[PDB]
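Listed below are the residues making up each chain.
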Number of protein chains: 4
Amino acid sequence: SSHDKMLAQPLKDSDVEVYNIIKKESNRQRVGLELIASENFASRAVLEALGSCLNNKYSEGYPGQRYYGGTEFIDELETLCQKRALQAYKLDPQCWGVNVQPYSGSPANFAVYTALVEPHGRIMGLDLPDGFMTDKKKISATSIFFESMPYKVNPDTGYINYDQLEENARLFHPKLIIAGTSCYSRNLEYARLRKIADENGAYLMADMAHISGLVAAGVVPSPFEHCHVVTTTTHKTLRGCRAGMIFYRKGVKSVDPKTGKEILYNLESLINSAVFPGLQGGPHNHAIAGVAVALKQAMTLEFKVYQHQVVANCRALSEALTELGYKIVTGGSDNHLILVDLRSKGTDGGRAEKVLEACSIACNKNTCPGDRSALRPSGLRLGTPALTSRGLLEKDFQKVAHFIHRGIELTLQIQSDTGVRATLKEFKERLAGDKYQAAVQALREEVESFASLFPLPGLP
Amino acid sequence: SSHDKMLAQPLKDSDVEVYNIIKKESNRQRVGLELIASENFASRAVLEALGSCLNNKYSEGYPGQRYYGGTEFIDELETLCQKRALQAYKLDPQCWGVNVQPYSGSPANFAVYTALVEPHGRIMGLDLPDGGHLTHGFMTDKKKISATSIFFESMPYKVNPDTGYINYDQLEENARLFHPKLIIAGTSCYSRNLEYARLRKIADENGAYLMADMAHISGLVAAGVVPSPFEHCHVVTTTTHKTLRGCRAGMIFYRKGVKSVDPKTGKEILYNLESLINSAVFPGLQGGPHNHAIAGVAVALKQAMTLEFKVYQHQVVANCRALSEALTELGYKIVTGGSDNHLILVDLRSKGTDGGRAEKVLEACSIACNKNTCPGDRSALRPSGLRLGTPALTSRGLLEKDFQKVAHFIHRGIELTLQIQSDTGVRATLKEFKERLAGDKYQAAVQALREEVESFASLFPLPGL
Amino acid sequence: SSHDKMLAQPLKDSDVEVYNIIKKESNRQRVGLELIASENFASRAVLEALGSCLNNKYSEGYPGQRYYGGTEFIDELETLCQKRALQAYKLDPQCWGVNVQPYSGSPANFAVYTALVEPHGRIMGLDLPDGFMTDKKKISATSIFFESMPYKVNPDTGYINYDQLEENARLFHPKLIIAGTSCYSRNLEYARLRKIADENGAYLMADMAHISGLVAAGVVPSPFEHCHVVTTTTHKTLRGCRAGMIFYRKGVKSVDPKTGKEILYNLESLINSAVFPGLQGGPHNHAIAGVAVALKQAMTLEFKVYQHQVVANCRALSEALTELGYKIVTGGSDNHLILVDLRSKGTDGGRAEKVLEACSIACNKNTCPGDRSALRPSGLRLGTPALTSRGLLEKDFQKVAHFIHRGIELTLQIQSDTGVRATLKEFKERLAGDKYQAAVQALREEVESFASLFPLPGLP
Amino acid sequence: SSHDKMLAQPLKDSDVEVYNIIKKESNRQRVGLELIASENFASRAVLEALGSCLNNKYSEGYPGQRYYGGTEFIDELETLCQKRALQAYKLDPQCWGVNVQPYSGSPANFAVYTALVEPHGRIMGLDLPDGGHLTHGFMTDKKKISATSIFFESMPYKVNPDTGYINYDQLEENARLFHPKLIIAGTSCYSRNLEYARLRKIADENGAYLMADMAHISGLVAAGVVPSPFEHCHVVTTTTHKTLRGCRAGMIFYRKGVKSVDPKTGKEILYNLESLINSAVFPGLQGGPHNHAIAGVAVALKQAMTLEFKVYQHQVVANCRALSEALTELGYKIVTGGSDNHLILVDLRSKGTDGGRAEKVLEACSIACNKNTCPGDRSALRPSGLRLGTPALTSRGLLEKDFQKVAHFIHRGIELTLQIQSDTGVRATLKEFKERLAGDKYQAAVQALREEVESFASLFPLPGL
């Protein structure tokens with residue numbers, strides 16, 4: 001019965017190519033060390049929920065205002081998901097509302113923009129290379145469909161120039177202030193941004209994606225106390241699937257003493273109209289189920305213990321890097337991400353990242369505060385949200401730092417052999433050169449011996 | 001301690017609520033009759049590929065222009081997926097390019113819009129009550145609803161209410177006055193084929209691009225039973241589920257090679273849609289692609305290239321024709337006479353009722369249906385037609401005699417609708433009708449009907465696991 | 001000293017160049033036959049009003065809401081002007097308002113566009129070649145700042161296709177539909193356009209610039225019966241200065257059946273804000289005084305007698321031209337214009353009109369349905385009211401008909417001698433032939449001796 | 001018969017109402033004292049040229065590319081006018097071009113905007129409450145008022161509230177963040193000179209154009225007493241009256257010739273602003289130009305090229321310095337310390353009052369002035385400064401002692417205003433101030449002051465007629 005078995009044949013028997021590809025990817029992820037702030041591993045429950053039968057049911061609409069029938073279970077599931085989302089951050093249901101229909105973070109941001117900014121409006125957000133539009137063309141859709149004037153961080157101290165921000169806000173008259181960032185270890189002053197938005201009558205939007213889990217454990221002050229709209233995601237902190245969440249205020253905005261009447265919020269209806277049928281159509285029920293499972297798993301004491309272990313291991317890694325003689329800029333860090341400058345060592349960030357990738361070591365490259373050169377980014381970024389989930393410890397992070405030191409010594413040897421005056425092309429030519437490849441091979445094997453010890457969460 | 005079990009505990013033991021919800025949903029879908037056109041059941045291979053470790057790896061960028069390291073396996077997988085996509089439609093790789101980065105159909109449509117329309121431009125697509133989609137342009141005189149109508153200027157063309165076919169003459173006359181930049185060829189409720197040759201001629205006369213939307217007929221194009229629009233259209237946006245039995249994703253096919261030749265100088269002009277689409281998709285709108293979705297699309301495309309898929313599509317169209325003839329045998333008014341696809345539109349005005357009441361009554365007896373307006377209706381909030389789809393049941397093993405039995409069941413349901421409407425009068429409202437559905441008078445009849453249809457549905461298996 | 005003379009010396013003593021230029025222009029205008037429909041001759045009263053001391057006063061704003069002090073006289077003058085404007089068309093002041101601040105017709109159109117179209121909106125109006133935007137670029141500012149698609153008349157008969165207009169407007173959803181014409185001299189069904197606007201909830205715009213004074217004499221049905229906003233100029237019919245007027249509806253728009261309430265018109269405030277301080281600044285008081293004098297002179301029986309003489313002379317000229325074998329197209333026209341065709345003779349309108357300008361006869365080409373090319377026009381439009389303002393009678397119009405017949409004969413002779421396949425520059429060179437120069441000089445002497453008998457209105 | 005009596009009747013016999021209105025206006029202008037900066041009396045030659053028969057002739061089009069016929073005289077007049085305009089400012093015809101077709105300053109500004117800014121672009125002009133003009137961009141948080149703010153995106157820069165000079169540093173820092181396409185250099189209530197070199201450097205660093213507006217100094221640049229901005233600016237729009245003694249019109253000067261050369265290929269780039277400006281003026285916004293206005297501005301430009309004009313401008317600046325020193329001696333605070341142009345701004349916060357009431361009190365005694373906010377005022381509804389213009393009275397033949405007498409009269413008026421304000425209290429509203437002004441107690445004093453100033457002003461003639 002091959003005709004009936006076609007819909008029931010396993011993946012190993014149906015397509016061996018993708019099966020071998022997935023097996024090789026799992027083998028690489030198991031024996032390869034990962035040091036990336038955005039990299040993590042999801043639990044098995046969310047993986048089982050993604051492969052559920054909810055991928056077939058079409059559920060356009062909202063509970064009580066659906067378009068199709070037989071959506072009682074879907075409505076109950078989404079209600080449970082939104083209740084768990086509201087309870088995870090300890091928010092009053094009468095004043096806060098959550099939406100999980102957007103597919104990811106960028107669609108959620110675009111929906112919020114179409115709902116609030118009234119395209120061709122004015123936005124004020126943080127600059128891209130400081131943690132986006134050009135004079136010749138516009139790359140990001142936010143600059144294409146909307147007008148934005150970014151504010152620059154102070155190049156001397158490294159903090160937001162609040163006086164210049166207020167001046168540019170009162171001179172530009174924006175409609176929404178973006179209180180979000182990608183590379184900023186210091187905590188933002190949400191109260192000052194809130195009072196600025198109240199003085200200018202604009203809204204405040206925060207982006208707590210990269211810290212979505214850090215706020216869950218109460219390690220970072222919650223931005224829900226001042227910001228009106230709070231957009232975030234579910235991965236890179238919560239070990240969940242790829243989805244987006246939007247938090248908006250509900251209730252009375254401010255009572256008007258001129259007429260004695262009160263004004264109610266209107267963000268809920270605008271957002272609900274912007275998500276559907278504005279941009280997206282049928283939501284992903286499996287994604288909502290995975291998000292609900294991740295949110296329920298995050299509301300346990302084990303999540304707080306894991307976050308404490310994360311911050312402790314980050315502090316231990318910073319201390320180990322400082323002990324060996326490395327210069328950690330910006331006075332360490334106040335979050336999980338770690339930024340180090342290897343300019344004084346005599347090695348470039350991109351070359352070091354390439355040599356680390358050659359020996360099964362992962363990292364990230366980004367510019368440093370006060371951009372001085374776009375061709376030589378020396379802001380090598382480190383993070384361990386996934387190694388802590390696997391079961392790494394500070395005594396093991398000492399050996400990880402020893403491996404990083406061996407890698408930087410290999411990079412120094414390569415730069416001394418090929419020459420510091422050599423361009424990037426001839427350097428890329430000598431990554432797999434035999435001259436020292438055996439040494440590089442050594443830098444691989446021991447690393448593998450360190451990777452096969454710890455297990456890999458997921459499906460067996 | 002408990003940290004090792006937290007990342008390894010099964011969902012049945014971790015969260016019993018969502019487990020019971022999924023079990024109840026599967027039990028409902030097993031004993032139910034699904035007649036929605038955009039409804040199908042994915043295979044086990046796609047479900048297993050979606051729940052792989054690819055959800056952990058971040059793969060922002062394009063092959064050869066990646067931003068991070070260690071992307072060999074992801075690049076190989078995406079290359080295999082795009083090769084299978086190009087081979088599934090028998091397209092020359094030197095003349096056609098495929099992109100699978102968009103998350104779904106609407107993101108792909110918005111990406112093509114921001115790439116080619118040059119926002120604040122002019123768009124002409126199919127009207128929504130005439131079988132169009134929300135992304136094809138929809139706006140009223142009061143305010144704009146769809147994002148395509150907000151960011152762009154859309155003017156949809158009307159369909160001929162007498163014969164039911166698209167009035168190509170009115171479109172040609174309006175193209176000279178409106179001067180559009182891109183013509184949308186996409187249908188959601190339409191039982192006939194489109195004249196892509198005349199649309200391409202009009203686009204060349206007006207100097208505009210052509211964007212086809214083969215969402216429903218996609219799998220049909222995989223079987224060769226429907227003329228492929230790749231012969232005339234420039235851009236082609238399509239989905240992966242619906243009928244192709246894949247995960248929720250979108251695919252964009254664009255032209256490559258020489259677009260035109262200058263007769264005077266002789267210089268060869270090359271296409272420029274590839275770079276624009278690649279820039280609009282990333283980092284224009286979306287960020288990190290879903291590797292699991294790409295793997296599922298690749299598996300579905302590999303499974304579609306078999307003869308079993310063509311046999312399944314032939315059985316789908318045969319059961320569609322059988323259901324159509326069995327329903328027109330009972331005296332039901334069918335628009336346009338027949339159907340050239342899997343979806344059919346049954347008109348209820350010949351029975352003295354509307355589509356909403358019949359859809360709700362079918363919903364009461366576990367019969368999946370959807371309402372839709374007919375060409376020539378005086379109001380959009382009171383639809384008179386019902387949309388039925390064959391492949392949802394055909395994927396389970398339904399036959400011609402079984403389809404005739406389901407047609408008799410829908411006839412009995414329509415008789416029940418007429419009885420309930422005559423019991424509450426002709427001047428009643430819809431709330432009173434819904435209250436009469438849950439009444440004790442018709443409780444026994446609808447209960448017996450639901451039990452009968454559930455016993456009939458329990459004989460066929462349900463794919464998944 | 002010299003300061004007492006610099007601001008007191010006449011124009012003849014100050015600058016002799018512009019003085020001689022004005023003298024030559026007046027001499028040319030004295031001996032000649034201006035056959036353009038747009039040209040006219042203003043009275044001496046408005047000429048003295050333009051040279052008044054009102055040019056020094058720099059006033060801004062509207063009466064009762066001025067910015068500077070001591071504007072009582074300007075406010076009284078503007079009130080008298082608007083009262084005379086309302087009384088000239090027999091309009092109820094409680095339902096109609098008039099504004100004279102716009103400088104000309106196109107500024108008034110742009111002001112009402114910024115007031116009622118909400119730029120980046122939708123407009124529906126007649127195109128250029130049927131009495132405007134290209135496929136590559138945009139020429140008019142209306143297509144640049146606003147989106148618009150034109151509706152075209154049927155090619156067989158030439159009347160407005162109202163059914164196709166309804167079918168297009170039902171899907172295009174226009175915000176304001178205009179009703180104007182420059183070469184389509186057939187009456188428009190304003191009731192059907194009003195019904196269309198009420199069905200689509202849009203506004204109706206009228207352009208009575210060509211028939212403005214013709215509405216003052218009651219010869220043409222007034223478009224104020226159905227149209228909401230009616231713009232018009234001040235010259236070419238009423239013999240006034242360069243200015244424009246905007247008429248808008250006032251009162252209750254419609255009754256609200258929900259609670260028995262009523263919706264009042266708000267076009268007044270929008271038009272006022274768009275005019276000032278939207279586009280223009282300080283209005284021209286001299287222009288206001290001139291248009292006020294013109295409106296006061298137009299409300300007399302002499303104006304109606306002049307319009308009757310205009311239409312009688314137009315009928316007589318059309319009959320005299322038809323008698324001489326010249327095929328008049330569309331049976332002439334309705335109000336004041338005639339259009340002779342020369343395609344039956346063989347020569348185009350361009351050669352005839354350039355020979356006419358060579359023999360001191362003022363004519364101009366125009367685009368009409370049938371003449372698919374502007375470089376080779378077949379339509380020669382003339383103008384009646386100028387000769388009537390100069391005092392020409394029926395026998396005088398017959399003499400002008402004999403003169404234009406002789407001119408067409410001379411043009412045909414020139415074309416036959418130079419060849420029908422010759423280019424335009426060959427025709428220009430043949431126009432300077434010895435015998436042709438003698439003939440055109442004789443014709444010029446004849447027409448100058450004919451025109452010297454009739455006086456020229458203006459300053460002594 | 002009737003046509004000889006209607007079209008030849010004088011204005012006094014035809015319409016007596018407008019005749020009496022004009023007579024009353026002339027009497028008010030002769031007996032009253034005007035101190036507004038944007039006020040002047042045109043010569044009799046311009047008034048005679050305005051009333052010529054040129055109003056009848058239509059001149060739609062450009063010289064050499066006309067549409068109608070018989071325009072040789074109008075073409076020669078426009079050529080003479082543009083030649084006089086080019087020669088008045090000592091500009092090379094091969095490098096500069098002039099256009100006089102715009103009707104006024106605002107239409108010319110809008111034409112330059114729609115020609116160069118590429119609407120929906122970004123502009124940076126001077127703020128309205130900081131001495132700027134309304135056409136230079138002005139918008140609030142609730143809605144947009146100016147058409148420039150509606151069609152374009154404008155972000156104005158403020159003036160230093162401490163010293164009173166334009167903060168070029170803040171403008172330079174904001175130019176890199178806003179990325180403007182055109183920088184506006186213009187003002188209406190600024191008593192100092194502009195640093196056009198710094199603005200040109202900022203524009204070259206940002207790659208944007210520099211649009212100058214020399215309206216209030218249109219005459220000052222003619223006599224060479226103020227440095228000309230043509231050395232750095234590309235496009236300069238100006239008026240024809242205010243301080244030039246001409247009719248209502250506007251002029252636009254644009255650069256011509258080679259803009260820059262390519263260092264790599266060696267090919268020189270030519271300017272393209274001429275064609276864009278010509279297309280934006282006609283048939284972009286306006287239609288048929290005013291030949292009488294062209295003749296009047298030509299006469300004014302020919303009269304301005306004499307030595308009497310330079311002597312008049314020197315007398316204006318001397319009387320302005322004398323009035324400034326008299327106001328400083330009278331204990332009144334002068335903004336920015338002095339004035340380098342014809343206009344001055346006197347602050348009233350040093351005496352404990354505002355300009356709103358003082359303006360109307362001066363108007364009650366036949367003293368014309370205008371209120372304006374001072375740099376540092378927290379509310380635009382209560383302005384504190386008063387703007388005074390010397391060239392309005394200098395055109396009649398006043399001297400330093402005459403301006404000192406006017407300053408003494410203004411001081412007495414300010415004393416009366418302070419007395420009236422103290423009589424009604426500080427917490428009183430402006431309407432209560434108006435009602436208290438109607439009382440005979442102060443009405444007798446203001447009437448005596450009005451009689452005195454009228455008897456003083458009647459001793460001087462009034463140009464015109």
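Residues numbered from 1 in each chain as written, not as in the entry; some residues may be left out. Chains lettered and ligands numbered in written order. Heavy atoms only, no water. Residues with missing side-chain atoms left out of burial classes, pairs and counts.

Labelled according to the PDB entry, chain B appears under the name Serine hydroxymethyltransferase, cytosolic, originating from Homo sapiens. According to the UniProt record, the Catalytic activity comment for chain B is "(6R)-5,10-methylene-5,6,7,8-tetrahydrofolate + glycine + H2O = (6S)-5,6,7,8-tetrahydrofolate + L-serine". According to the UniProt record, the Pathway comment for chain B is "One-carbon metabolism; tetrahydrofolate interconversion." (UniProt positions renumbered as here; feature names shortened; annotations may be inferred.)

Chain A has the name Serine hydroxymethyltransferase, cytosolic in the PDB entry, where Homo sapiens is given as its organism. Of the comments in the UniProt record for chain A, the one headed Cofactor reads "pyridoxal 5'-phosphate".

**Q** Give a description of the packing of aromatic side chains that names residues and reports values.
**A** Evaluation of the coordinates by the stated rule reveals 59 aromatic pairs over all chains. In textbook terms, an aromatic cluster arises when at least three aromatic residues are bridged by ring pairs, as seen for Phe110, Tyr113, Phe145 and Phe146 of chain A together with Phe110, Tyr113, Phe151 and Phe152 of chain B. Over the aromatic face of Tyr58 of chain D sits the side chain of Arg242 of chain C, whose NZ or CZ is 4.3 Å from the ring centroid. In this arrangement the basic side chain of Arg255 of chain D is found over the ring face of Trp96 of chain D, its NZ or CZ atom lying 5.9 Å from the centre. (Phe/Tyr/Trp six-rings, centres within 6.5 Å; stacked < 30°, edge-to-face > 60°. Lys NZ or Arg CZ within 6 Å of the ring centre and 35° of its normal.)

**Q** Could you give me a rundown of the interface of chain C and chain B, with the residues and numbers involved?
**A** For an interface, size is often stated in terms of accessible area lost upon the parts coming together. Contacts between the two partners involve 14 residues from chain C, matched on the other side by 15 residues from chain B. Ranking the residues of chain C by area buried against chain B places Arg122, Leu171 and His173 of chain C at the top, with a combined share of 37%. At the surface where chain C touches chain B, the tally comes to 2 salt bridges. Between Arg122 of chain C and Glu153 of chain B there is a salt bridge, with the nearest N and O atoms lying 3.5 Å from each other. The tally of links between chain C and chain B comes to 5 residue pairs in polar contact. Residue assignment for the side of chain C that touches chain B shows that the elements contributing at least two residues are strand 4 (147-148) and helix 8 (162-172) of chain C. (Contact = heavy atoms within 4.5 Å. Buried area = accessible area lost by both parts, 1.4 Å probe. Salt bridge = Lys/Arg side-chain N within 4 Å of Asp/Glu carboxyl O. Polar contact = N/O pair within 3.5 Å; in protein donor to acceptor, adjacent residues only side chain to side chain. Helix = DSSP H or I, 4+ residues; strand = E, 2+ residues; numbered from the N terminus.)

**Q** Give a description of a nonpolar patch on the surface that names residues and reports values.
**A** All names here are of chain A. Nonpolar side chains collect at one region of the surface, where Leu128, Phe132 and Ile139 lie side by side and expose about 250 Å² of accessible area between them. Along the polypeptide, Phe132 turns up in the loop between strand 2 (122-124) and helix 7 (141-145). Taking relative accessible area as the criterion, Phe132 reaches 35% and is therefore assigned partly exposed. (Patch = residues over 30% accessible without salt bridge, like charges linked within 9 Å, V, L, I, M, F, W, Y side chains within 5 Å. Areas by Shrake-Rupley, 256 points an atom, 1.4 Å probe, with all protein chains shown as cover. Buried < 20%, exposed > 50% of the residue type's maximum accessible area, 1.4 Å probe, protein only.)

**Q** Mind laying out the packing of helix 16 (residues 400-424) of chain B against helix 17 (residues 430-437) of chain B, listing which residues take part and the relevant values?
**A** All names here are of chain B. Across the interface, helix 16 lies against helix 17 with an axial gap of 10 Å and an inter-helix angle of 120°. Considering their axes alone, helix 16 and helix 17 lie oblique with respect to each other. The interaxial crossing formed by helix 16 with helix 17 has right-handed handedness. Of the residues in helix 17, those in contact with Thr417, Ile420, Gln421, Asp423 and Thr424 of helix 16 are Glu432, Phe433, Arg436 and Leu437. (Axes fitted to C-alpha atoms, helices over the stretch in contact; angles between N-to-C directions. Parallel < 35°, antiparallel > 145°, perpendicular 65-115°, else oblique. Left-handed = near helix turned anticlockwise from the far one by under 90°.)

**Q** Mind laying out the interface of chain B and chain A, listing which residues take part and the relevant values?
**A** Each partner contributes to the interface: chain B provides 85 residues, whereas chain A provides 82 residues. Across the chain B to chain A interface the summed buried area is about 7,600 Å²; carbon plus sulfur atoms make up 60%. A salt bridge links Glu17 of chain B to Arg84 of chain A; the nearest nitrogen and oxygen atoms lie 2.7 Å apart. Between the two partners, chain B and chain A, sit 26 residue pairs in polar contact.

**Q** Summarise the arrangement of the chains; cite the residues concerned and give the values.
**A** Nowhere do chain A and chain C come into contact; their C-alpha atoms are at least 11 Å apart. Contact between chain B and chain D is absent, and the minimum C-alpha spacing across the pair is 12 Å.

**Q** Now, about helix 6 (residues 105-116) of chain A: what can you tell me, with residues and values included?
**A** Residue and element names in this part refer to chain A. For helix 6, with 12 residues, the first-to-last C-alpha span of 16 Å sits near the 16 Å given by 1.5 Å per residue. Across the 12 residues that make up helix 6, a large majority, 10, are buried. Within helix 6 the residues assigned to the buried category are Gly105, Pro107, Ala108, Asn109, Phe110, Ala111, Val112, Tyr113, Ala115 and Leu116. Positive backbone phi, approximately 55°, marks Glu118, located one or two places after helix 6. (Expected span 1.5 Å × (residues − 1).)

**Q** Which residues make up the pairing of strand 12 (residues 379-382) of chain A, and what are the values?
**A** All names here are of chain A. Side chains of strand 12 alternate between two faces, with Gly379 and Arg381 and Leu380 and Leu382 buried alike. The pairing of strand 10 (residues 338-341) with strand 12 spans 4 bridges and is antiparallel. The residue bridging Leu339 from the neighbouring strand is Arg381, located in strand 12. (Pairing = 2+ DSSP bridges.)

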